[PDB]
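Undergrad: Give me a 3D structure for the following:
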Amino acid sequence: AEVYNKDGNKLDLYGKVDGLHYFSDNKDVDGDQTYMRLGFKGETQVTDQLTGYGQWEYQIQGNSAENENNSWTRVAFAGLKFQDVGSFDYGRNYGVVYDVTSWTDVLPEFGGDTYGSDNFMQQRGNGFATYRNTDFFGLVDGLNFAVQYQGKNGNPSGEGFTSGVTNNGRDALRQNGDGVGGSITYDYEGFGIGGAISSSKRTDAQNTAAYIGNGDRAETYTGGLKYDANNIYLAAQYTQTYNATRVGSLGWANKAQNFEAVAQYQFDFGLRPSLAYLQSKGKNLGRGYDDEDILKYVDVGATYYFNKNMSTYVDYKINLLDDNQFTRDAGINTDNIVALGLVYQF
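TA: Numbers count the residues shown, from 1 in each chain. Shown next is the protein structure:
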């Protein structure tokens, strides 16, 4: 909702409450999953060509008792945009690989989980410096590219570490050395085609015997396709990764091949059914694991839109992973899940 628009400054205050419940034989995901998100997007006109902006988004879980608080910052960044040249922003933001993979992250509840948060340059993460050029100086409609740098996020401070520390340090599964990446997308009418590449130094804390997938750098290569017209949405992405994909709590995959596909239709009366397939196939994993499925599921669901502010959905994760030693060791969910959600948003 735009709550302020005066003398060239605009402020949009937005959010949602998702009354949400999971049904699953897996009791670690089963039960109340209610949550809310809040955010703001602000923009200020500096000149006719130059605009400054900032965005912040926060998630607060609504499913805990009052003696605890489970909340986090999704994004927080400030930036400058110049008409027909580009933009730059810095902060917690999305990695440029997400420019392509976001195209299949459109499912009612699940999806978008061949990668995670704080996972090199694949999704949300800290310390992104992002440069973007839209429409190639305004001379090629629909063609966009981006180049991104990520600074090191290392070991926690004040915990007795003698190397690799940063002020905002964290556990090794969520660390990263310096990284660089890029994306190109082209959209003509309904069609879209895109590609992205990322390369991040891996830290010493990540390259210990306690984690599978030791390596100097984490690399990702992504291609994507999209069709979005005539009430039909189709998209697919394929990603090859090296020492970049987490294998639950075990560490990372030496190599992984990720694939996601989605098909959706929008009825006039407000119903939007969705069908999707995701898989992540790991190779040469180490410790005798060899080749294993990290993720494999079919997602069938539907959303009903009452209007732009109220909707309800059901999403059914038909989980094709089988319960074995590998998935047990990594703590990967192999059970089906049904989600039922009712969402108010502004």
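Undergrad: tell me the SS of the nearest residue to residue 214 once chain neighbours are set aside?
TA: Spatial nearest neighbour of residue 214, excluding adjacent residues (CB to CB, 6 or more residues apart in numbering): residue 207 at 4.7 Å. For every residue, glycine as well, the C-beta is placed using N, CA and C. Following DSSP: H, G, I helix; E, B strand; the rest coil, residue 207 is assigned to coil.
Undergrad: what about the helices in the chain?
TA: Remark: helices assigned in the chain by DSSP state H are 98-101, 135-138, 325-330.
Undergrad: next one: the first one to chain centre, how far?
TA: Going back to what we said before, that points to helix 98-101. Offset of helix 98-101 from its chain centre (CA atoms, centre = their mean, to the nearest Å): 8 Å.
Undergrad: do the same with the longest one
TA: Averaging C-alpha coordinates over helix 325-330 and over its chain gives two centres that are 24 Å apart (CA atoms, centre = their mean).
Undergrad: just the strands in the stretch 51-200 of the chain please.
TA: 71-82, 86-94, 124-134, 143-150, 179-188, 191-201 (DSSP state E, counting those that start in this stretch).
Undergrad: Using TSV, lay out the ones you listed together with distance to residue 158 and mean neighbour count.
TA: Converted to TSV, these look like this (distance: least, CB to CB, whole Å; neighbours: other CB atoms under 10 Å):
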stretch	distance to residue 158	mean neighbour count
strand 71-82	21	15
strand 86-94	22	18
strand 124-134	18	19
strand 143-150	23	19
strand 179-188	25	19
strand 191-201	24	20
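Undergrad: Nearest residue to residue 26 in space, please, no chain neighbours.
TA: Residue 26 sits nearest to residue 335 (CB to CB, 6+ apart), 4.1 Å away.
Undergrad: Oops, could you answer that again for residue 173 instead?
TA: Distances taken as CB to CB, 6+ apart place residue 246 nearest to residue 173, at 6.3 Å, with adjacent residues excluded.
Undergrad: gap between the one you found and residue 118?
TA: Noted for residue 246: a distance of 10 Å to residue 118, by CB to CB, to the nearest Å.
Undergrad: returning to that earlier point: mind putting the strands of the stretch 51-200 of the chain into TSV with distance to residue 222?
TA: Formatted as TSV, the strands of the stretch 51-200 of the chain follow (distance: least, CB to CB, whole Å):
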stretch	distance to residue 222
strand 71-82	20
strand 86-94	13
strand 124-134	16
strand 143-150	13
strand 179-188	8
strand 191-201	4
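Undergrad: now for these, which one comes closest to residue 250?
TA: Closest to residue 250 of the strands of the stretch 51-200 of the chain is strand 191-201 (CB to CB; 19.2 Å).
Undergrad: neighbouring contacts of the closest one?
TA: If you take CB atoms under 8 Å, 6 or more residues apart in numbering as the criterion, strand 191-201 is touched by 95-97, 99-101, 103, 120-122, 150, 152, 176-186, 216-228, 235, 244.
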